[PDB]
Amino acid sequence: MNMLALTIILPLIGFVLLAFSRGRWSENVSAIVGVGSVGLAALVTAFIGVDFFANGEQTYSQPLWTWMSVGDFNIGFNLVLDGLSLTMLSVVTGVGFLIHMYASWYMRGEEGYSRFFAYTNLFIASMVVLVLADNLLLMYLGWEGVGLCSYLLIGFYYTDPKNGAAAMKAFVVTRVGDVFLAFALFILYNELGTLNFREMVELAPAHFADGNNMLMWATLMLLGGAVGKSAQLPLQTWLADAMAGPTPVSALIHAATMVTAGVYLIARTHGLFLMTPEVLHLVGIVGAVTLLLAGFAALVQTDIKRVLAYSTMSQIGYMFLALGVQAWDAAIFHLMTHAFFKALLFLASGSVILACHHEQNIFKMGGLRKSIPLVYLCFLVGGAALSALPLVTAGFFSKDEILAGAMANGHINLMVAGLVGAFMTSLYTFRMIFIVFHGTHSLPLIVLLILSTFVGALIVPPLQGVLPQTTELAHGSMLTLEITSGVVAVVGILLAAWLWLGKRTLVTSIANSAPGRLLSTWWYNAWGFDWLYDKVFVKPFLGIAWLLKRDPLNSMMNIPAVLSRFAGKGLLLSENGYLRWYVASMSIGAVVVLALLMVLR
Amino acid sequence: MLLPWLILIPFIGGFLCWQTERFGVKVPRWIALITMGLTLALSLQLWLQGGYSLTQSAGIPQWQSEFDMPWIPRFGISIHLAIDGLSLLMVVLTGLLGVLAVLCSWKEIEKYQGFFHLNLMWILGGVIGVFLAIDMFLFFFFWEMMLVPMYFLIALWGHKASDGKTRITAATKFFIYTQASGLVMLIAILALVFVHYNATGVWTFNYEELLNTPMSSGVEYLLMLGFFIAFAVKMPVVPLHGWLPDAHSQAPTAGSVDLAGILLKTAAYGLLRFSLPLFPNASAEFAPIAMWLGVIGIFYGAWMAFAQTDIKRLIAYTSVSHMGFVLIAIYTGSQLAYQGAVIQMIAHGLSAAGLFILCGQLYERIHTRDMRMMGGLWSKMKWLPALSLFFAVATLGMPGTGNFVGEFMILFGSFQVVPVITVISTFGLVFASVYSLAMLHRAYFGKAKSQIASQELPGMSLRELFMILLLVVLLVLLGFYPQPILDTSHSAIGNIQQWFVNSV
Ligand SMILES: CCCCCCCCCCCCCCCCCC(=O)OC[C@H](COP(=O)(O)OCCN)OC(=O)CCCCCCCCCCCCCCCCC
Ligand SMILES: CCCCCCCCCCCCCCCCCC(=O)OC[C@H](COP(=O)(O)OCCN)OC(=O)CCCCCCCCCCCCCCCCC
Ligand SMILES: CCCCCCCCCCCCCCCCCC(=O)OC[C@H](COP(=O)(O)OCCN)OC(=O)CCCCCCCCCCCCCCCCC
Ligand SMILES: CCCCCCCCCCCCCCCCCCCC
C-alpha cells in the first residue's frame with residue numbers, strides 16, 4: 001500500500017511550484033500543474049483503496065518520522081489508514097479533483113491564477129494531513145492548515161476590504177475553536193500521557209475508574225473544537241460571510257474539506273465520547289438546534305450562496321445529530337452524499353453567477369430554466385438530493401439512515417427535529433430554485449450529477465470494523481419512517497411550489513406583516529448571533545485597543561523622569577548666584593548639623 | 001579553550017572593520033561578513049564536535065567546554081567561559097543573526113561605515129559573552145558592555161526620517177532602563193557574594209561556587225527580585241517594556257541593529273541559568289507573580305500590537321507577547337515547558353528577524369512606515385508581500401513553523417503545572433492571530449491609500465531574497481523537524497529543571 005506519503009507530497013509539490021512561479025507561467029501550464037498534482041493524488045488514492053480492499057480491510061500505518069520527543073511527550077509523524085480515513089481521503093481527493101478541473105475552466109483570464117491553485121493545493125494537502133493523522137497533534141497541524149487556507153482563499157479577491165473582513169472573521173472564529181481543541185489536547189495528554197487515537201481509546205477506561213470529570217471536560221472541549229471547525233452552535237457565524245471568495249473555494253470548503261473536519265474529529269474520537277454519554281447527547285442536541293436554526297435562517301435569504309451556506313449548516317447539523325444518536329455509519333454516509341450534491345450545487349451556482357453578471361439578487365431573475373438547460377438540470381438534481389427526494393436521491397437514504405439511528409436509540413425529540421429540518425430543507429431549497437429559475441456539458445458537472453443520484457447511494461463506506469455498528473430498527477418502524485420522510489418531503493415540495501411558484505400573493509402578504517417583517521429581519525441576520533458576538537467581543541476589544549493605544553504603563557513608568565526633572569528644576573532655584581544667600585545656606589546647614597548631633601547624641 | 005575565540009573574533013573583527021575603512025569605503029562590510037562567517041562556522045564546529053545529543057543530565061555544573069583565566073584576583077574574579085547545549089544554541093543563533101545583520105547593512109556605503117560595523121560586531125561579541133560567561137562579574141560586564149554600541153548605533157546611525165532628537169530620547173531611555181536594571185543586578189550579585197563570604201570565608205564570583213549558598217528566605221527573595229528586575233527590563237516584562245518599541249522604531253532603518261542587539265533575548269537564558277538554580281525557593285515563591293506578569297504581558301502586548309499604526313512598533317509588541325509566553329514557561333517546573341521555551345526563543349528570533357528585515361526592505365522601497373497610509377501592495381511588488389505573509393503566519397503560531405512547536409510545548413508543560421494560566425495564554429494565542437491578521441490587512445490587502453502605494457516598486461535583490469529564504473527554510477525545518485534542537489538543549493534543560501524541582 002504505503003503511498004499515503006505521496007498523497008500528501010504531491011499537493012505540496014504543486015503548491016510550492018505554483019507559489020514560486022508567481023504568475024510567470026502560462027495559464028495552461030499552471031492549470032495542468034495544479035490539476036495534475038491533485039489528479040495524481042486522486043489516482044494514488046484510488047490505488048490505495050484498491051490495495052486496501054485487496055487485503056482484509058486491515059488498518060495500515062506508515063510512520064514517517066518522530067515529530068517531538070521530550071521525555072514522556074512522544075508525538076510522532078505517522079499516518080494511519082482505516083475505513084474512515086480511506087473514506088475521507090477518497091472524498092477529499094475526488095471532490096477536490098472535480099473542483100480543480102471546474103476552477104481550471106472557471107478561473108481563466110483572472111488575476112492570481114497560480115496563486116489560487118497553489119492555495120487550493122495547500123488546502124488539499126492540509127486536509128489529507130488532517131484525515132490521515134495518527135495522533136491528535138498531527139490532526140491539529142491539519143486543523144490549522146485548513147483554517148489558514150480558508151483564510152487565504154476567502155479573501156482571494158483581496159482588493160475588496162469586505163472579503164478581507166470576512167476572511168479574518170472566519171479565521172478568528174476558527175482560531176477560537178482550535179483553542180478549544182487545544183484545551184482538549186492538554187487535558188488528554190495530562191490524563192493519559194499520549195495523543196494517539198488507539199492508545200487513548202486503550203488507556204482511557206483504566207485511568208478514569210474513579211473520576212470522569214477530566215474525560216468529560218476533554219470530550220466537551222473536543223466538541224467545542226468540532227463546532228468551531230464545522231460552523232455549528234455557537235461558533236457558526238462565519239460560514240454565511242465565508243462566500244466573499246470564489247465559488248470553487250466555497251465548494252471546496254462546504255463539501256470537500258473544511259466543514260467535514262468536525263465530523264471526522266467526533267467520529268475518530270468516538271471511543272472517548274462513548275464513556276461520556278452526556279457529552280454525546282450534547283453533540284446531538286447541538287446538531288439538532290443548529291439544523292433547525294439554519295433551516296429557519298435559509299428560508300428568508302436573498303442570495304444563492306448564502307442560502308447554500310445555511311443549507312450546509314443544516315446538513316452538518318444533521319451529521320452532528322447522527323453522531324449524537326451513535327449513528328456513525330449514517331453520519332459518514334451522509335458526509336459522502338452531502339459532499340457530492342453540495343459540490344454539485346455550488347458549481348452550478350458558480351455557473352449561474354458567471355452566466356449572469358454583477359452577482360445579483362435571487363429576486364431579480366426568473367424563468368432562467370430556458371436560458372441554461374444543463375445548469376437547471378444540475379441545480380434540480382442537487383436540490384432533489386438536498387431535499388431528500390425518495391428512491392432517486394442519495395440524500396433520502398442518508399437522512400433515512402440518520403433517522404433510523406435516531407429511532408433505534410430511543411431519541412424521539414431528535415427524530416422530530418430531523419423531520420422538521422427535512423421539511424424546512426425542502427422548503428428553502430425549492431423556494432430558492434423556484435425563485436431563481438421560474439417566473440457546455442463539462443465533465444465534473446456530469447460526474448457530480450451522477451454521484452448525487454442513487455448511484456452515489458450505491459457506494460457504501462467500509463466502516464464495518466472502525467466505527468461501532470448502528471442498532472437496527474424493526475422492519476415496520478423502518479418502513480413507516482421511510483413513508484413519513486417521503487410524505488414530509490413531498491408536502492414540503494408541493495408547499496414550496498404553491499407559495500413561491502405563481503403570483504406569490506400569500507408569501508408577500510406574510511412578509512409585509514409586522515410580525516412577518518420582524519421574523520424576516522430576525523432570521524436574515526442568523527437569529528442575532530453576529531450582532532451579539534459583535535457587541536460582546538468585537539466592540540469591547542476595539543474599545544480597549546483605543547483606550548490603550550497611548551501606552552499607559554509606559555507613562556506610569558515614565559513619571560519618575562517627570563519627578564526627577566521637576567525636582568531638578570526646583571533644586572536649581574537655590575543656585576541664584578547670591579553670595580549672601582550662600583553664606584546664609586552655610587549657616588543654615590551648620591544649624592541643622594549641630595541640631596542633628598545634639599538630637600541624636 | 002575555544003570560547004575566548006568565540007568572544008574575541010567579533011571584537012578583533014570590529015577593530016579591523018574600523019581600521020580597514022581607509023583601504024576603501026566598501027571594504028569593512030566584507031571584513032564584517034568574513035568575521036561573522038568565521039564566528040558562525042566556529043559555533044557550528046563546536047556543535048558538531050560537542051556531542052550534545054548523546055549527553056545526559058548529570059547535575060549543575062556540567063559544561064561541554066570550559067575556560068578559566070584570572071582577571072581580578074582580589075575579588076576572586078576570573079574570565080570563566082563555559083558552553084553546554086543551551087548556550088551553544090544561543091551562540092549559533094547570534095552568529096546567524098550577526099551574519100544576517102552584516103548582509104542587511106550591505107549597499108549602505110557612506111562615511112564612517114567602518115564604525116557602524118565596529119559597533120555591530122561589539123554588540124554581537126557582547127551577546128556571545130553574555131551567553132558564555134558563567135561568573136557574575138563577567139556576566140554583568142557583558143550585560144552592560146553591549147549597551148554603549150547599541151546607544152550609539154541608535155542615536156547616530158538611526159532612522160534618517162526622525163527628528164534627530166527623538167533618536168536621542170529613545171536611545172537614552174533604553175540605556176537608562178538597561179543600565180539601571182544592570183545596577184540592581186550588581187547589587188544583588190554583590191549581596192550574594194558577601195553572604196557567601198560571610199558563610200564560608202572565601203571571595204568568589206563564580207556561579208558553581210555561589211550555588212548552594214545558605215541564606216534566609218527574605219535575603220534570597222530580595223536577591224531573586226534584583227535578578228528578576230534586571231531580566232524583566234530586557235525580556236521585556238510589563239510594566240518595564242517601554243524602552244523596546246521606541247528603540248525598535250528609532251533604530252537604523254536597515255534593521256541590522258534590531259537583529260544584532262534588540263531582537264535577541266539574553267534575559268530568558270539569564271533567568272534559566274542564573275535565577276532558577278541560584279534561588280530556587282524564592283523562584284518557587286515568586287512563580288505566581290511572574291506567571292501572572294507573563295499573562296498580562298501577552299495580552300497587553302497583543303492589545304498594543306493591534307493598536308499600533310507603525311509596523312516596527314507592532315513587531316516590538318509581538319516580541320513582548322512572545323516573551324510573556326516564555327516567562328510563563330520559565331517559572332514552571334516542567335522539562336517540556338522549558339524545551340518549548342528554548343524552541344520558542346529560537347523560532348521567535350528567526351520569525352521577528354525576518355519581519356524586521358522585510359519592514360526595512362518595505363521602508364527602503366516606499367519611504368514610509370504608516371500602515372494607515374499604504375495598502376494593497378500585493379499587486380505592486382514581486383516577493384515582499386508573500387514572504388511577509390509567511391512570516392506573519394509564523395508569528396501567528398502556525399504549524400509548519402517553529403513558533404507553534406515552541407509555544408505548544410510551553411502550553412503543554414504549563415497545563416501539567418498550572419491549568420488556568422495555560423487557558424488564558426491560549427486565548428492570548430487567539431489575540432496573536434488577531435493582530436497578525438490586522439497587520440496583514442492594513443499593510444498589503446485592500447485599495448492603495450496613497451499615491452506612492454499606487455505605484456510599481458522594484459523587486460528585492462538576490463541577496464535580500466536569499467537571506468529571507470534562508471530564514472524561511474530554517475523556520476520550516478524547525479517546525480517540522482525540531483529534534484536536533486531539542487536533543488542539543490535536553491541535557492542543559494534537564495540539569496536546570498532537576499536542580500529547580502528537588503531543592504524546594
Ligand atoms: C505541510 C502540508 C500542509 C499542512 C499545513 C501547513 C500549514 C502551514 C504552511 C505555511 C506555508 C506558507 C503559507 C502562507 C504563505 C503563502 C505565500 C503565498 O501566497 O505564496 C504565493 C505567492 C505567489 O502569488 P502571486 O500572486 O502569483 O505572486 C505574488 C506577487 N507577484 O508566492 C510567492 O510570491 C513566492 C513564494 C512565497 C513563499 C511561499 C511559501 C514558503 C514556505 C514554504 C516552502 C518553503 C521552501 C520549501 C523547502 C522547505 C524545507 C525543506
Ligand atoms: C505535513 C505534511 C507531511 C510531511 C511531508 C512534508 C513535510 C514538510 C517538508 C519540509 C520539512 C521536512 C522536515 C523533515 C524531513 C525528514 C526528516 C527525517 O529525515 O527524519 C528521519 C527519518 C528517518 O527515520 P527514523 O530513523 O525513524 O528517524 C526518526 C526521526 N525522529 O526520515 C524519513 O523517514 C524520511 C521519509 C521521507 C520524507 C520525505 C519528505 C519529503 C518532503 C517534500 C516537501 C516538499 C514541499 C516543502 C514545503 C512544504 C510546506 C511548508
Ligand atoms: C457568549 C458565549 C459564547 C461564546 C463563544 C466563543 C466566542 C466566539 C466569538 C466569535 C466572534 C468573533 C468575531 C471576530 C471578528 C473579527 C473580524 C473583524 O471584525 O475585523 C474587524 C477589525 C479589523 O481590524 P482593522 O485592521 O483595524 O480594520 C480596520 C477597520 N475595520 O478587527 C477587529 O475588530 C478585531 C476583533 C477581535 C475579536 C476578538 C475575539 C476574542 C474572542 C474570545 C472568546 C472567548 C470565549 C470564552 C469566554 C469566557 C467563557 C467563560
Ligand atoms: C490525472 C489523473 C486523474 C485521475 C482522476 C481519478 C478520479 C476520477 C474523477 C473523480 C471521481 C471522484 C469519485 C469519488 C468517489 C468517492 C468514493 C468514496 C468511497 C468510500
# chains A, B, ... in the order shown; residues from 1 in each chain; ligands from 1
>>> residues_around(residues="segment 290-301 of chain A", least_positions_apart="3", cutoff="10 Å", atoms="only C-alpha atoms", output="PyMOL selection string")
chain A and resi 227+231-234+236+284-287+304-321+361-362+417-418+420-429+431-432+511+519-527
>>> residues_near_ligand(ligand="ligand 4", cutoff="7 Å", atoms="only C-alpha atoms and all ligand atoms", output="PDB file with C-alpha atoms, in the first residue's frame")
ATOM      1  CA  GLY A  36      -2.316  17.197 -12.434  1.00  0.00           C
ATOM      2  CA  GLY A  39      -5.446  14.259 -10.065  1.00  0.00           C
ATOM      3  CA  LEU A  40      -2.326  12.207  -9.410  1.00  0.00           C
ATOM      4  CA  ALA A  42      -6.623  11.102  -6.534  1.00  0.00           C
ATOM      5  CA  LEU A  43      -5.187   8.306  -8.705  1.00  0.00           C
ATOM      6  CA  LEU A  86      -9.959   5.885   3.403  1.00  0.00           C
ATOM      7  CA  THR A  87     -13.469   7.330   3.056  1.00  0.00           C
ATOM      8  CA  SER A  90     -11.202   9.372  -1.270  1.00  0.00           C
ATOM      9  CA  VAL A  91     -13.869  12.060  -0.771  1.00  0.00           C
ATOM     10  CA  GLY A  94     -12.055  13.064  -5.790  1.00  0.00           C
ATOM     11  CA  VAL A  95     -14.183  16.111  -4.989  1.00  0.00           C
ATOM     12  CA  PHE A  97     -10.067  16.985  -8.400  1.00  0.00           C
ATOM     13  CA  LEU A  98     -13.543  17.768  -9.754  1.00  0.00           C
ATOM     14  CA  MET A 336     -20.220  11.377   1.350  1.00  0.00           C
ATOM     15  CA  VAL A 447     -19.777  13.295 -12.573  1.00  0.00           C
ATOM     16  CA  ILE A 459     -21.390   3.272  -2.688  1.00  0.00           C
ATOM     17  CA  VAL A 460     -21.075   2.077   0.921  1.00  0.00           C
ATOM     18  CA  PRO A 461     -18.083   3.237   3.003  1.00  0.00           C
ATOM     19  CA  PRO A 462     -16.059   0.421   4.630  1.00  0.00           C
TER      20      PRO A 462
END
>>> residues_near_ligand(ligand="ligand 2", cutoff="6 Å", atoms="only C-alpha atoms and all ligand atoms", output="mmCIF file with N, CA and C atoms, in the first residue's frame")
data_model
loop_
_atom_site.group_PDB
_atom_site.id
_atom_site.type_symbol
_atom_site.label_atom_id
_atom_site.label_comp_id
_atom_site.auth_asym_id
_atom_site.auth_seq_id
_atom_site.Cartn_x
_atom_site.Cartn_y
_atom_site.Cartn_z
ATOM 1 N N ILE A 8 0.131 13.020 0.278
ATOM 2 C CA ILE A 8 0.395 14.309 0.908
ATOM 3 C C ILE A 8 1.389 15.127 0.092
ATOM 4 N N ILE A 9 2.430 14.479 -0.434
ATOM 5 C CA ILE A 9 3.569 15.191 -1.001
ATOM 6 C C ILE A 9 3.202 15.865 -2.320
ATOM 7 N N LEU A 12 1.607 19.167 -2.037
ATOM 8 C CA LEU A 12 2.627 20.077 -1.526
ATOM 9 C C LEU A 12 3.592 20.508 -2.622
ATOM 10 N N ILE A 13 3.989 19.570 -3.486
ATOM 11 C CA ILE A 13 4.868 19.894 -4.606
ATOM 12 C C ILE A 13 4.175 20.861 -5.555
ATOM 13 N N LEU A 64 6.329 8.097 9.333
ATOM 14 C CA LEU A 64 7.393 8.752 8.586
ATOM 15 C C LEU A 64 8.577 9.061 9.493
ATOM 16 N N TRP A 65 8.378 9.920 10.487
ATOM 17 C CA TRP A 65 9.428 10.200 11.455
ATOM 18 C C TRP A 65 8.772 10.507 12.794
ATOM 19 N N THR A 66 9.570 10.974 13.746
ATOM 20 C CA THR A 66 9.081 11.347 15.066
ATOM 21 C C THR A 66 9.152 12.860 15.182
ATOM 22 N N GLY B 400 4.062 23.854 11.042
ATOM 23 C CA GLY B 400 4.980 24.021 9.944
ATOM 24 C C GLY B 400 6.014 25.092 10.191
ATOM 25 N N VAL B 476 10.850 26.589 8.625
ATOM 26 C CA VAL B 476 10.059 25.425 8.229
ATOM 27 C C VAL B 476 10.688 24.136 8.754
ATOM 28 N N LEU B 477 12.015 24.012 8.650
ATOM 29 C CA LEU B 477 12.689 22.818 9.151
ATOM 30 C C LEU B 477 12.610 22.719 10.668
ATOM 31 N N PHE B 480 8.985 21.431 11.337
ATOM 32 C CA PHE B 480 8.694 20.043 11.002
ATOM 33 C C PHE B 480 9.648 19.050 11.643
ATOM 34 N N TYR B 481 10.912 19.414 11.833
ATOM 35 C CA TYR B 481 11.902 18.532 12.449
ATOM 36 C C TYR B 481 12.665 19.290 13.526
#
>>> select_by_dssp(residues="segment 94-185 of chain B", states="alpha helix (DSSP H)", output="CSV table (one decimal) with N, CA and C atoms, in the first residue's frame")
chain,number,residue,atom,x,y,z
B,94,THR,N,23.0,33.7,17.6
B,94,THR,CA,23.5,35.1,17.5
B,94,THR,C,24.6,35.2,16.4
B,95,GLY,N,25.3,34.1,16.1
B,95,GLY,CA,26.2,34.1,14.9
B,95,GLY,C,25.4,34.2,13.6
B,96,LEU,N,24.3,33.4,13.5
B,96,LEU,CA,23.5,33.5,12.3
B,96,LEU,C,22.8,34.9,12.2
B,97,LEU,N,22.3,35.5,13.2
B,97,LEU,CA,21.7,36.8,13.2
B,97,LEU,C,22.8,37.9,12.9
B,98,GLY,N,24.0,37.6,13.4
B,98,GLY,CA,25.1,38.6,13.1
B,98,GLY,C,25.4,38.6,11.6
B,99,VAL,N,25.5,37.4,11.0
B,99,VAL,CA,25.7,37.3,9.5
B,99,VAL,C,24.5,38.0,8.8
B,100,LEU,N,23.3,37.8,9.3
B,100,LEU,CA,22.2,38.4,8.7
B,100,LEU,C,22.2,40.0,8.8
B,101,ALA,N,22.7,40.4,10.0
B,101,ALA,CA,22.8,41.9,10.2
B,101,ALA,C,23.9,42.5,9.4
B,102,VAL,N,25.0,41.8,9.1
B,102,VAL,CA,26.0,42.3,8.2
B,102,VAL,C,25.5,42.3,6.8
B,103,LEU,N,24.8,41.3,6.3
B,103,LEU,CA,24.2,41.2,5.0
B,103,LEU,C,23.1,42.2,4.8
B,104,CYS,N,22.4,42.6,5.9
B,104,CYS,CA,21.3,43.6,5.8
B,104,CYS,C,21.9,45.0,5.6
B,113,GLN,N,31.2,54.1,7.8
B,113,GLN,CA,30.6,52.8,7.9
B,113,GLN,C,31.4,51.8,8.6
B,114,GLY,N,32.7,52.0,8.6
B,114,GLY,CA,33.6,51.1,9.4
B,114,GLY,C,33.3,51.2,10.9
B,115,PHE,N,32.9,52.4,11.4
B,115,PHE,CA,32.5,52.5,12.8
B,115,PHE,C,31.2,51.8,13.0
B,116,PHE,N,30.2,51.9,12.0
B,116,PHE,CA,29.0,51.2,12.2
B,116,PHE,C,29.2,49.7,12.3
B,117,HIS,N,30.1,49.1,11.5
B,117,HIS,CA,30.4,47.7,11.6
B,117,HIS,C,31.1,47.4,12.9
B,118,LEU,N,31.9,48.4,13.4
B,118,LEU,CA,32.6,48.2,14.7
B,118,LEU,C,31.6,48.0,15.8
B,119,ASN,N,30.6,48.9,16.0
B,119,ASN,CA,29.6,48.8,17.0
B,119,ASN,C,28.7,47.5,16.8
B,120,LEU,N,28.5,47.2,15.5
B,120,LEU,CA,27.8,45.9,15.2
B,120,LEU,C,28.5,44.7,15.8
B,121,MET,N,29.8,44.5,15.5
B,121,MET,CA,30.5,43.4,16.0
B,121,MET,C,30.7,43.5,17.5
B,122,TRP,N,30.8,44.7,18.1
B,122,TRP,CA,31.0,44.7,19.5
B,122,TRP,C,29.7,44.4,20.2
B,123,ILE,N,28.5,44.7,19.6
B,123,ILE,CA,27.2,44.2,20.2
B,123,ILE,C,27.2,42.7,20.1
B,124,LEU,N,27.5,42.2,19.0
B,124,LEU,CA,27.4,40.7,18.8
B,124,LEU,C,28.4,40.0,19.7
B,125,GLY,N,29.6,40.5,19.9
B,125,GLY,CA,30.6,39.9,20.8
B,125,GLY,C,30.1,40.0,22.3
B,126,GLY,N,29.4,41.1,22.6
B,126,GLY,CA,28.8,41.2,23.9
B,126,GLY,C,27.7,40.2,24.2
B,127,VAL,N,26.9,40.0,23.1
B,127,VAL,CA,25.8,39.0,23.2
B,127,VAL,C,26.4,37.6,23.4
B,128,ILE,N,27.5,37.2,22.7
B,128,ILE,CA,28.2,36.0,22.9
B,128,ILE,C,28.8,35.9,24.3
B,129,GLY,N,29.3,37.0,24.7
B,129,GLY,CA,29.9,37.0,26.1
B,129,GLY,C,28.9,36.8,27.2
B,130,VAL,N,27.7,37.4,27.0
B,130,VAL,CA,26.6,37.2,27.9
B,130,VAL,C,26.2,35.7,27.9
B,131,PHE,N,26.1,35.1,26.8
B,131,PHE,CA,25.7,33.7,26.7
B,131,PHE,C,26.8,32.8,27.3
B,132,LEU,N,28.1,33.1,27.2
B,132,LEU,CA,29.1,32.2,27.6
B,132,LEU,C,29.7,32.4,29.0
B,136,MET,N,29.6,35.9,37.8
B,136,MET,CA,28.7,37.1,37.9
B,136,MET,C,29.3,38.4,37.4
B,137,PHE,N,30.6,38.7,37.7
B,137,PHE,CA,31.1,39.9,37.3
B,137,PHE,C,31.3,40.0,35.8
B,138,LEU,N,31.8,39.0,35.1
B,138,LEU,CA,32.0,39.0,33.7
B,138,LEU,C,30.6,39.0,33.0
B,139,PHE,N,29.6,38.3,33.6
B,139,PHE,CA,28.3,38.3,33.0
B,139,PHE,C,27.6,39.6,33.1
B,140,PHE,N,27.8,40.3,34.2
B,140,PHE,CA,27.3,41.7,34.3
B,140,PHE,C,28.1,42.6,33.4
B,141,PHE,N,29.4,42.4,33.3
B,141,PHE,CA,30.2,43.2,32.4
B,141,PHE,C,29.8,43.1,30.9
B,142,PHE,N,29.5,41.9,30.5
B,142,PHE,CA,29.0,41.8,29.1
B,142,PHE,C,27.5,42.2,29.0
B,143,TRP,N,26.8,42.1,30.1
B,143,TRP,CA,25.4,42.6,30.1
B,143,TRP,C,25.3,44.1,29.9
B,144,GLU,N,26.3,44.8,30.4
B,144,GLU,CA,26.3,46.3,30.3
B,144,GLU,C,27.2,46.8,29.2
B,145,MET,N,28.1,45.9,28.7
B,145,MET,CA,29.1,46.4,27.7
B,145,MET,C,28.4,46.5,26.3
B,147,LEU,N,25.6,47.8,25.6
B,147,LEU,CA,24.6,48.9,25.6
B,147,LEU,C,25.2,50.2,25.0
B,148,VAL,N,26.5,50.4,25.2
B,148,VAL,CA,27.1,51.6,24.6
B,148,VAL,C,27.1,51.6,23.1
B,149,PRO,N,27.6,50.5,22.4
B,149,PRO,CA,27.4,50.5,21.0
B,149,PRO,C,26.0,50.5,20.5
B,150,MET,N,25.1,49.9,21.3
B,150,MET,CA,23.6,50.0,20.9
B,150,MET,C,23.1,51.4,21.0
B,151,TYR,N,23.5,52.1,22.0
B,151,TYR,CA,23.1,53.5,22.2
B,151,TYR,C,23.7,54.4,21.0
B,152,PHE,N,24.9,54.2,20.6
B,152,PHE,CA,25.5,55.0,19.6
B,152,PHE,C,24.9,54.6,18.2
B,153,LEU,N,24.6,53.3,18.0
B,153,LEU,CA,24.0,52.9,16.7
B,153,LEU,C,22.6,53.5,16.6
B,154,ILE,N,21.8,53.5,17.7
B,154,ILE,CA,20.5,54.1,17.6
B,154,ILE,C,20.6,55.6,17.4
B,155,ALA,N,21.5,56.2,18.2
B,155,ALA,CA,21.5,57.7,18.2
B,155,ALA,C,22.1,58.3,17.0
B,156,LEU,N,23.1,57.7,16.4
B,156,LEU,CA,23.9,58.4,15.3
B,156,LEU,C,23.5,57.8,14.0
B,165,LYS,N,16.3,64.4,17.5
B,165,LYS,CA,16.1,64.4,19.0
B,165,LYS,C,15.3,63.2,19.5
B,166,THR,N,14.4,62.7,18.7
B,166,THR,CA,13.7,61.5,19.1
B,166,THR,C,14.5,60.3,19.1
B,167,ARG,N,15.5,60.2,18.3
B,167,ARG,CA,16.5,59.1,18.4
B,167,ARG,C,17.3,59.2,19.6
B,168,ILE,N,17.7,60.5,20.0
B,168,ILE,CA,18.4,60.7,21.3
B,168,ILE,C,17.6,60.3,22.5
B,169,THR,N,16.3,60.6,22.4
B,169,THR,CA,15.4,60.3,23.6
B,169,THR,C,15.2,58.8,23.7
B,170,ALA,N,15.0,58.1,22.5
B,170,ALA,CA,14.8,56.7,22.6
B,170,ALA,C,16.0,56.0,23.0
B,171,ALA,N,17.2,56.4,22.5
B,171,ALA,CA,18.4,55.7,22.9
B,171,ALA,C,18.7,55.9,24.4
B,172,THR,N,18.5,57.2,24.9
B,172,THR,CA,18.7,57.5,26.3
B,172,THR,C,17.8,56.7,27.2
B,173,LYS,N,16.5,56.6,26.8
B,173,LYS,CA,15.6,55.8,27.6
B,173,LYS,C,15.9,54.4,27.7
B,174,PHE,N,16.3,53.8,26.5
B,174,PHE,CA,16.8,52.4,26.5
B,174,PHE,C,18.0,52.2,27.4
B,175,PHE,N,19.0,53.1,27.3
B,175,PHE,CA,20.2,53.0,28.1
B,175,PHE,C,19.9,53.1,29.5
B,176,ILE,N,19.1,54.0,29.9
B,176,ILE,CA,18.8,54.2,31.3
B,176,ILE,C,18.0,53.0,31.9
B,177,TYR,N,17.1,52.5,31.2
B,177,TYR,CA,16.4,51.3,31.6
B,177,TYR,C,17.3,50.1,31.8
B,178,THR,N,18.2,49.8,30.8
B,178,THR,CA,19.0,48.7,30.8
B,178,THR,C,20.1,48.8,31.9
B,179,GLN,N,20.7,50.0,32.0
B,179,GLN,CA,21.8,50.2,32.9
B,179,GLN,C,21.3,50.3,34.4
B,180,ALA,N,20.1,50.8,34.6
B,180,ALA,CA,19.6,50.8,36.0
B,180,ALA,C,19.2,49.4,36.4
B,181,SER,N,18.7,48.6,35.5
B,181,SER,CA,18.4,47.2,35.7
B,181,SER,C,19.7,46.4,36.0
B,182,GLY,N,20.8,46.7,35.2
B,182,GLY,CA,22.1,46.1,35.5
B,182,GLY,C,22.6,46.5,36.8
B,183,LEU,N,22.5,47.7,37.3
B,183,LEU,CA,23.0,48.1,38.6
B,183,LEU,C,22.2,47.4,39.7
B,184,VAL,N,20.9,47.2,39.5
B,184,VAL,CA,20.2,46.4,40.5
B,184,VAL,C,20.7,45.0,40.6
B,185,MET,N,21.0,44.4,39.4
B,185,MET,CA,21.6,43.1,39.3
B,185,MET,C,22.9,43.1,40.0
>>> closest_residue(among="B:371, B:389, B:486, B:81", to="ligand 3", atoms="only C-alpha atoms and all ligand atoms")
B:371
>>> closest_residue(among="A:392, A:261, A:506, A:89", to="residue 454 of chain A", atoms="only C-alpha atoms")
A:392
>>> atom_distance(atom1="atom CA of residue 482 of chain B", atom2="atom CA of residue 229 of chain A")
27.6 Å
>>> select_by_dssp(residues="segment 69-155 of chain B", states="strand (DSSP E or B)", output="VMD selection string")
chain B and resid 69 to 72 77 to 83 133 135
>>> residues_around(residues="residue 238 of chain A", least_positions_apart="2", cutoff="7 Å", atoms="only C-alpha atoms", output="ChimeraX atom specification")
/A:169-170,173,236,240-242
>>> write_last_selection(atoms="C-alpha atoms", output="JSON list (two decimals), in the first residue's frame")
[["chain", "number", "residue", "atom", "x", "y", "z"],
["A", 169, "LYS", "CA", -13.74, 36.84, 10.87],
["A", 170, "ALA", "CA", -13.60, 33.23, 9.67],
["A", 173, "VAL", "CA", -13.82, 32.19, 14.95],
["A", 236, "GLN", "CA", -21.38, 29.26, 13.31],
["A", 240, "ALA", "CA", -22.51, 32.77, 5.97],
["A", 241, "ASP", "CA", -19.92, 35.52, 5.50],
["A", 242, "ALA", "CA", -17.40, 32.99, 4.13]]
>>> residues_near_ligand(ligand="ligand 3", cutoff="6 Å", atoms="only C-alpha atoms and all ligand atoms", output="list in words")
residues 165, 168, 169, 172, 173, 234, 235, 533, 537, 538, 541 and 542 of chain A; 434, 438, 441 and 442 of chain B
>>> atom_distance(atom1="atom 24 (O, counted along the ligand's line) of ligand 1", atom2="atom CA of residue 23 of chain A")
6.9 Å
>>> interface_residues(of="chain A", to="chain B", cutoff="7 Å", atoms="only C-alpha atoms", output="list in words")
residues 67, 68, 70, 141, 144, 158, 159, 160, 161, 164, 168, 172, 175, 176, 179, 186, 190, 545, 546, 548, 549, 553 and 554 of chain A
